[PDB]
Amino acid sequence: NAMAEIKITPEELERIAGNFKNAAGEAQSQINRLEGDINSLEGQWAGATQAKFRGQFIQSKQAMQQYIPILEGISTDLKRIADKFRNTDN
């Protein structure tokens, strides 16, 4: 019985939409903290070394800036279908 498929409802779509929204927030927090670390290395070693690590970090930030809006788009699509369900029932 515990393996019964959980049927889609607006509540389920909103729960999962929330998971994606929360994931976007955690990702942002993570990139912020990592940026702080790279910032902390400035002046702590050779300028050439810092340039290499800043460069790598910005490439990671760019990847994250593609990723976050994709999660938010999924969250939006789930919520739009959730709304469709609620309005049909009304």
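So that there is no doubt, residue numbering starts at 1 and follows the sequence shown.
As listed in the deposited structure, the average C-alpha B-factor of 62-70 and of 15-23 is greater for 62-70. Among the modelled residues of its chain, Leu41 has a C-alpha B-factor that falls in the middle third, as given in the PDB entry.
Split the chain's modelled residues into thirds by C-alpha temperature factor. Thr49 is in the highest one. In the deposited entry, the Cα temperature factor of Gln30 sits in the middle third of values across the chain's modelled residues.
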